[PDB]
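Read the structure below first, then the notes.
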Amino acid sequence: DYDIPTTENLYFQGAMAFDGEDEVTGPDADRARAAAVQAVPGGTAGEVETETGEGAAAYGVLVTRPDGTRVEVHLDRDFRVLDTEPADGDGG
């Protein structure tokens with residue numbers, strides 16, 4: 001929701017974000033802790049992180065199972081951050 005509403009599929013996840021998708025921090029370390037039970041309180045283990053990169057809105061939204069698995073999506077007005085990333089809880 002923080003990123004640009006004119007992104008790729010980043011405007012689809014936000015929908016389920018109205019449940020319990022709170023604000024994370026940036027890295028997967030925080031998203032895994034929040035999206036775990038912090039974002040799973042609404043309906044699914046998926047929160048929303050907000051980071052700052054070289055672009056504009058270096059934020060992300062992860063949503064999956066509160067078992068450590070999350071789907072962090074890259075959303076940046078950089079016009080190149082509209083993809084997603086399967087959060088393995090470790091963050092590679």
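So you can find residues: chains in the structure tokens are A, B, ... in the order shown, residues in each start at 1, and ligands are numbered from 1 in order.
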
- [ ] Report the residues of chain A whose backbone DSSP state falls under alpha helix (DSSP H), written as number ranges by chain.
- [x] A: 10-20, 28-33

Put those residues in a file: N, CA and C atoms, as a PDB file, in the first residue's frame.
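The resulting again-v4.pdb:
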```
ATOM      1  N   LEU A  10       1.579  -5.957  -7.109  1.00  0.00           N
ATOM      2  CA  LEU A  10       1.698  -5.416  -5.759  1.00  0.00           C
ATOM      3  C   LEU A  10       0.379  -4.800  -5.301  1.00  0.00           C
ATOM      4  N   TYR A  11      -0.534  -4.600  -6.244  1.00  0.00           N
ATOM      5  CA  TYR A  11      -1.835  -4.019  -5.938  1.00  0.00           C
ATOM      6  C   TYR A  11      -2.874  -5.109  -5.686  1.00  0.00           C
ATOM      7  N   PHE A  12      -2.438  -6.361  -5.770  1.00  0.00           N
ATOM      8  CA  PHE A  12      -3.329  -7.495  -5.553  1.00  0.00           C
ATOM      9  C   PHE A  12      -3.194  -8.028  -4.129  1.00  0.00           C
ATOM     10  N   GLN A  13      -1.960  -8.080  -3.638  1.00  0.00           N
ATOM     11  CA  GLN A  13      -1.694  -8.570  -2.291  1.00  0.00           C
ATOM     12  C   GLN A  13      -2.268  -7.622  -1.243  1.00  0.00           C
ATOM     13  N   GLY A  14      -2.066  -6.324  -1.453  1.00  0.00           N
ATOM     14  CA  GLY A  14      -2.570  -5.336  -0.517  1.00  0.00           C
ATOM     15  C   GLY A  14      -3.988  -5.629  -0.072  1.00  0.00           C
ATOM     16  N   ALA A  15      -4.763  -6.263  -0.947  1.00  0.00           N
ATOM     17  CA  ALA A  15      -6.147  -6.602  -0.638  1.00  0.00           C
ATOM     18  C   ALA A  15      -6.242  -7.374   0.674  1.00  0.00           C
ATOM     19  N   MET A  16      -5.534  -8.495   0.748  1.00  0.00           N
ATOM     20  CA  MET A  16      -5.540  -9.325   1.948  1.00  0.00           C
ATOM     21  C   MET A  16      -4.764  -8.654   3.076  1.00  0.00           C
ATOM     22  N   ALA A  17      -4.142  -7.520   2.768  1.00  0.00           N
ATOM     23  CA  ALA A  17      -3.369  -6.780   3.758  1.00  0.00           C
ATOM     24  C   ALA A  17      -4.283  -6.056   4.740  1.00  0.00           C
ATOM     25  N   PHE A  18      -5.507  -5.774   4.304  1.00  0.00           N
ATOM     26  CA  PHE A  18      -6.477  -5.082   5.145  1.00  0.00           C
ATOM     27  C   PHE A  18      -6.842  -5.927   6.362  1.00  0.00           C
ATOM     28  N   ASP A  19      -6.391  -7.177   6.364  1.00  0.00           N
ATOM     29  CA  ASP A  19      -6.670  -8.088   7.469  1.00  0.00           C
ATOM     30  C   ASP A  19      -5.831  -7.732   8.691  1.00  0.00           C
ATOM     31  N   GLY A  20      -4.555  -8.110   8.658  1.00  0.00           N
ATOM     32  CA  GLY A  20      -3.669  -7.824   9.770  1.00  0.00           C
ATOM     33  C   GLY A  20      -2.282  -7.412   9.315  1.00  0.00           C
ATOM     34  N   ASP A  28      14.216  -9.741   5.932  1.00  0.00           N
ATOM     35  CA  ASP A  28      13.338 -10.882   6.169  1.00  0.00           C
ATOM     36  C   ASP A  28      13.306 -11.244   7.651  1.00  0.00           C
ATOM     37  N   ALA A  29      14.366 -10.882   8.367  1.00  0.00           N
ATOM     38  CA  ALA A  29      14.459 -11.168   9.792  1.00  0.00           C
ATOM     39  C   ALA A  29      13.251 -10.616  10.542  1.00  0.00           C
ATOM     40  N   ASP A  30      12.851  -9.398  10.194  1.00  0.00           N
ATOM     41  CA  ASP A  30      11.708  -8.757  10.834  1.00  0.00           C
ATOM     42  C   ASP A  30      10.398  -9.260  10.238  1.00  0.00           C
ATOM     43  N   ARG A  31      10.374  -9.412   8.918  1.00  0.00           N
ATOM     44  CA  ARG A  31       9.182  -9.884   8.224  1.00  0.00           C
ATOM     45  C   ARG A  31       8.799 -11.285   8.692  1.00  0.00           C
ATOM     46  N   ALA A  32       9.807 -12.116   8.941  1.00  0.00           N
ATOM     47  CA  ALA A  32       9.577 -13.481   9.395  1.00  0.00           C
ATOM     48  C   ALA A  32       8.988 -13.500  10.801  1.00  0.00           C
ATOM     49  N   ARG A  33       9.396 -12.537  11.622  1.00  0.00           N
ATOM     50  CA  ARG A  33       8.909 -12.445  12.992  1.00  0.00           C
ATOM     51  C   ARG A  33       7.517 -11.822  13.036  1.00  0.00           C
TER      52      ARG A  33
END
```

When you look at stretch 44-56 of chain A with a cut-off of 9 Å (counting only C-alpha atoms), what residues show up, excluding the ones that are within fewer than 2 positions of it in the same chain? I need them as a ChimeraX atom specification.
/A:1-3,14,16-17,19-28,30-32,34-42,58-72,76-81

With N, CA and C atoms retained, could you export that selection as a compact mmCIF listing (two decimals), in the first residue's frame?
```txt
# COMPACT_ATOMS: atom_id res chain seq x y z
N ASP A 1 0.83 -1.20 0.00
CA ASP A 1 0.00 0.00 0.00
C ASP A 1 0.87 1.26 0.00
N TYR A 2 2.01 1.18 0.66
CA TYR A 2 2.93 2.31 0.74
C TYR A 2 3.54 2.61 -0.62
N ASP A 3 3.91 1.56 -1.35
CA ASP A 3 4.50 1.72 -2.67
C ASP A 3 3.52 2.38 -3.63
N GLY A 14 -2.07 -6.32 -1.45
CA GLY A 14 -2.57 -5.34 -0.52
C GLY A 14 -3.99 -5.63 -0.07
N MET A 16 -5.53 -8.50 0.75
CA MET A 16 -5.54 -9.32 1.95
C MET A 16 -4.76 -8.65 3.08
N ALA A 17 -4.14 -7.52 2.77
CA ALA A 17 -3.37 -6.78 3.76
C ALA A 17 -4.28 -6.06 4.74
N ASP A 19 -6.39 -7.18 6.36
CA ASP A 19 -6.67 -8.09 7.47
C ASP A 19 -5.83 -7.73 8.69
N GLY A 20 -4.56 -8.11 8.66
CA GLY A 20 -3.67 -7.82 9.77
C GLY A 20 -2.28 -7.41 9.32
N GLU A 21 -2.14 -7.17 8.02
CA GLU A 21 -0.85 -6.77 7.45
C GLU A 21 -0.37 -5.47 8.08
N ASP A 22 0.54 -5.58 9.04
CA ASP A 22 1.09 -4.41 9.72
C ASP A 22 2.34 -3.91 9.02
N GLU A 23 3.11 -3.07 9.71
CA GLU A 23 4.34 -2.52 9.16
C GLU A 23 5.56 -3.23 9.73
N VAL A 24 6.37 -3.80 8.84
CA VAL A 24 7.58 -4.51 9.26
C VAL A 24 8.74 -3.55 9.46
N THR A 25 9.90 -3.90 8.91
CA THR A 25 11.09 -3.07 9.03
C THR A 25 11.83 -2.97 7.70
N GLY A 26 12.23 -4.11 7.17
CA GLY A 26 12.94 -4.13 5.90
C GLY A 26 13.39 -5.52 5.50
N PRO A 27 14.35 -6.07 6.26
CA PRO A 27 14.89 -7.41 6.00
C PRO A 27 13.88 -8.51 6.31
N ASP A 28 14.22 -9.74 5.93
CA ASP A 28 13.34 -10.88 6.17
C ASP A 28 13.31 -11.24 7.65
N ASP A 30 12.85 -9.40 10.19
CA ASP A 30 11.71 -8.76 10.83
C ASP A 30 10.40 -9.26 10.24
N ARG A 31 10.37 -9.41 8.92
CA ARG A 31 9.18 -9.88 8.22
C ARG A 31 8.80 -11.28 8.69
N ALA A 32 9.81 -12.12 8.94
CA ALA A 32 9.58 -13.48 9.39
C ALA A 32 8.99 -13.50 10.80
N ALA A 34 7.30 -10.81 12.20
CA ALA A 34 6.01 -10.13 12.14
C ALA A 34 5.01 -10.92 11.31
N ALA A 35 5.34 -11.12 10.03
CA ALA A 35 4.47 -11.87 9.13
C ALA A 35 4.10 -13.22 9.72
N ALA A 36 4.93 -13.72 10.63
CA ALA A 36 4.69 -15.00 11.27
C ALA A 36 3.33 -15.03 11.96
N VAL A 37 3.26 -14.40 13.13
CA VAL A 37 2.02 -14.35 13.90
C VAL A 37 1.48 -12.93 13.97
N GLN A 38 2.32 -11.96 13.62
CA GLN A 38 1.93 -10.56 13.65
C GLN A 38 1.02 -10.22 12.47
N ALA A 39 1.26 -10.88 11.34
CA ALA A 39 0.47 -10.65 10.14
C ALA A 39 -0.47 -11.83 9.86
N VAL A 40 -0.37 -12.86 10.70
CA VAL A 40 -1.21 -14.05 10.54
C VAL A 40 -2.45 -13.96 11.42
N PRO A 41 -2.53 -12.90 12.24
CA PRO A 41 -3.66 -12.67 13.14
C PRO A 41 -4.94 -12.31 12.39
N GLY A 42 -4.78 -11.70 11.22
CA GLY A 42 -5.93 -11.32 10.42
C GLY A 42 -6.51 -12.48 9.65
N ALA A 58 11.33 1.54 -1.48
CA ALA A 58 11.92 0.21 -1.37
C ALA A 58 11.24 -0.61 -0.28
N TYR A 59 9.95 -0.87 -0.46
CA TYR A 59 9.19 -1.65 0.51
C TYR A 59 8.85 -3.03 -0.04
N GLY A 60 8.25 -3.86 0.80
CA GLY A 60 7.88 -5.20 0.38
C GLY A 60 6.72 -5.76 1.18
N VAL A 61 6.02 -6.74 0.61
CA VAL A 61 4.88 -7.36 1.27
C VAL A 61 4.96 -8.88 1.20
N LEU A 62 5.11 -9.51 2.35
CA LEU A 62 5.20 -10.97 2.43
C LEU A 62 3.92 -11.56 3.01
N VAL A 63 3.44 -12.63 2.39
CA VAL A 63 2.22 -13.30 2.84
C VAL A 63 2.24 -14.78 2.49
N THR A 64 2.08 -15.63 3.50
CA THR A 64 2.08 -17.07 3.30
C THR A 64 1.59 -17.80 4.55
N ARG A 65 2.34 -18.81 4.97
CA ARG A 65 1.98 -19.59 6.15
C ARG A 65 2.83 -19.19 7.35
N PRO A 66 2.19 -19.10 8.53
CA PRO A 66 2.87 -18.73 9.77
C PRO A 66 3.83 -19.81 10.26
N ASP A 67 4.18 -20.73 9.37
CA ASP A 67 5.09 -21.81 9.70
C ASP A 67 6.52 -21.46 9.32
N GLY A 68 6.75 -20.18 9.02
CA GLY A 68 8.08 -19.74 8.64
C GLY A 68 8.17 -19.38 7.17
N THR A 69 7.15 -19.75 6.41
CA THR A 69 7.12 -19.47 4.98
C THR A 69 6.35 -18.18 4.69
N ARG A 70 6.95 -17.30 3.90
CA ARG A 70 6.31 -16.04 3.54
C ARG A 70 6.61 -15.67 2.09
N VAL A 71 5.77 -14.81 1.52
CA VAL A 71 5.95 -14.37 0.14
C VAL A 71 6.19 -12.87 0.06
N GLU A 72 7.43 -12.46 0.32
CA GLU A 72 7.79 -11.05 0.28
C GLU A 72 7.90 -10.56 -1.16
N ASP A 76 8.82 -1.09 -5.54
CA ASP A 76 9.56 0.16 -5.54
C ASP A 76 9.20 1.00 -6.76
N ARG A 77 8.92 2.28 -6.53
CA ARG A 77 8.55 3.19 -7.61
C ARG A 77 9.69 3.32 -8.62
N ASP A 78 10.73 2.52 -8.43
CA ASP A 78 11.88 2.54 -9.33
C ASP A 78 11.50 2.02 -10.71
N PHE A 79 10.26 1.58 -10.85
CA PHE A 79 9.77 1.05 -12.11
C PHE A 79 10.46 -0.27 -12.46
N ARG A 80 11.17 -0.83 -11.48
CA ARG A 80 11.88 -2.09 -11.68
C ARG A 80 11.70 -3.01 -10.48
N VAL A 81 10.91 -2.56 -9.50
CA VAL A 81 10.66 -3.34 -8.30
C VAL A 81 9.18 -3.71 -8.19
```

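Look at residue A:82: the protein and nucleic acid residues within 6 Å of it, using only C-alpha atoms and passing over chain neighbours fewer than 3 places away, are residues 7, 8, 74 and 75 of chain A.
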
Please dump the current selection as a tab-separated table (two decimals), in the first residue's frame; keep N, CA and C atoms.
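Below you can see part.tsv, which holds the result:
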```
chain	number	residue	atom	x	y	z
A	7	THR	N	1.72	-0.45	-9.59
A	7	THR	CA	2.73	-1.49	-9.76
A	7	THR	C	2.16	-2.69	-10.50
A	8	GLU	N	2.91	-3.79	-10.50
A	8	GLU	CA	2.48	-5.01	-11.17
A	8	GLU	C	1.38	-5.71	-10.38
A	74	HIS	N	8.63	-7.44	-3.93
A	74	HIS	CA	9.40	-6.21	-4.08
A	74	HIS	C	8.56	-5.12	-4.75
A	75	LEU	N	8.34	-4.03	-4.03
A	75	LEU	CA	7.56	-2.91	-4.56
A	75	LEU	C	8.31	-1.60	-4.42
```

Check chain A with DSSP on the backbone and list each residue it calls strand (DSSP E or B), as a CSV table (one decimal) with N, CA and C atoms, in the first residue's frame.
```
chain,number,residue,atom,x,y,z
A,23,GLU,N,3.1,-3.1,9.7
A,23,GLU,CA,4.3,-2.5,9.2
A,23,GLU,C,5.6,-3.2,9.7
A,45,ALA,N,-0.4,-15.3,7.3
A,45,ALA,CA,0.9,-14.8,7.8
A,45,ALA,C,1.6,-14.0,6.7
A,48,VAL,N,3.7,-6.3,5.9
A,48,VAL,CA,4.2,-5.3,4.9
A,48,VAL,C,5.4,-4.6,5.5
A,49,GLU,N,6.5,-4.8,4.8
A,49,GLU,CA,7.8,-4.1,5.2
A,49,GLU,C,8.0,-2.8,4.4
A,50,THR,N,8.8,-1.9,5.0
A,50,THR,CA,9.1,-0.7,4.3
A,50,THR,C,10.6,-0.3,4.4
A,51,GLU,N,11.3,-0.4,3.3
A,51,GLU,CA,12.7,-0.1,3.3
A,51,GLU,C,13.0,1.0,2.3
A,58,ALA,N,11.3,1.5,-1.5
A,58,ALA,CA,11.9,0.2,-1.4
A,58,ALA,C,11.2,-0.6,-0.3
A,59,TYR,N,10.0,-0.9,-0.5
A,59,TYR,CA,9.2,-1.6,0.5
A,59,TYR,C,8.8,-3.0,0.0
A,60,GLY,N,8.3,-3.9,0.8
A,60,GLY,CA,7.9,-5.2,0.4
A,60,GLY,C,6.7,-5.8,1.2
A,61,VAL,N,6.0,-6.7,0.6
A,61,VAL,CA,4.9,-7.4,1.3
A,61,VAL,C,5.0,-8.9,1.2
A,64,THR,N,2.1,-15.6,3.5
A,64,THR,CA,2.1,-17.1,3.3
A,64,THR,C,1.6,-17.8,4.5
A,65,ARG,N,2.3,-18.8,5.0
A,65,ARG,CA,2.0,-19.6,6.1
A,65,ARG,C,2.8,-19.2,7.4
A,69,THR,N,7.1,-19.7,6.4
A,69,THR,CA,7.1,-19.5,5.0
A,69,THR,C,6.3,-18.2,4.7
A,70,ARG,N,6.9,-17.3,3.9
A,70,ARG,CA,6.3,-16.0,3.5
A,70,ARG,C,6.6,-15.7,2.1
A,71,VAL,N,5.8,-14.8,1.5
A,71,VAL,CA,5.9,-14.4,0.1
A,71,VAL,C,6.2,-12.9,0.1
A,72,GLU,N,7.4,-12.5,0.3
A,72,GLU,CA,7.8,-11.1,0.3
A,72,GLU,C,7.9,-10.6,-1.2
A,73,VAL,N,7.1,-9.5,-1.5
A,73,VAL,CA,7.1,-9.0,-2.8
A,73,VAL,C,7.9,-7.6,-2.9
A,74,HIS,N,8.6,-7.4,-3.9
A,74,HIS,CA,9.4,-6.2,-4.1
A,74,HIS,C,8.6,-5.1,-4.7
A,75,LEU,N,8.3,-4.0,-4.0
A,75,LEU,CA,7.6,-2.9,-4.6
A,75,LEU,C,8.3,-1.6,-4.4
A,76,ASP,N,8.8,-1.1,-5.5
A,76,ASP,CA,9.6,0.2,-5.5
A,76,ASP,C,9.2,1.0,-6.8
A,81,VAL,N,10.9,-2.6,-9.5
A,81,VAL,CA,10.7,-3.3,-8.3
A,81,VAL,C,9.2,-3.7,-8.2
A,84,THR,N,8.2,-10.5,-7.1
A,84,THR,CA,8.0,-11.1,-5.8
A,84,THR,C,9.2,-12.0,-5.4
A,85,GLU,N,9.3,-12.4,-4.1
A,85,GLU,CA,10.3,-13.2,-3.6
A,85,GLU,C,9.8,-14.1,-2.5
A,86,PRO,N,10.0,-15.5,-2.7
A,86,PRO,CA,9.6,-16.5,-1.8
A,86,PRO,C,10.4,-16.5,-0.5
A,87,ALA,N,9.9,-15.8,0.5
A,87,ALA,CA,10.6,-15.7,1.8
A,87,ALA,C,10.7,-17.1,2.4
```
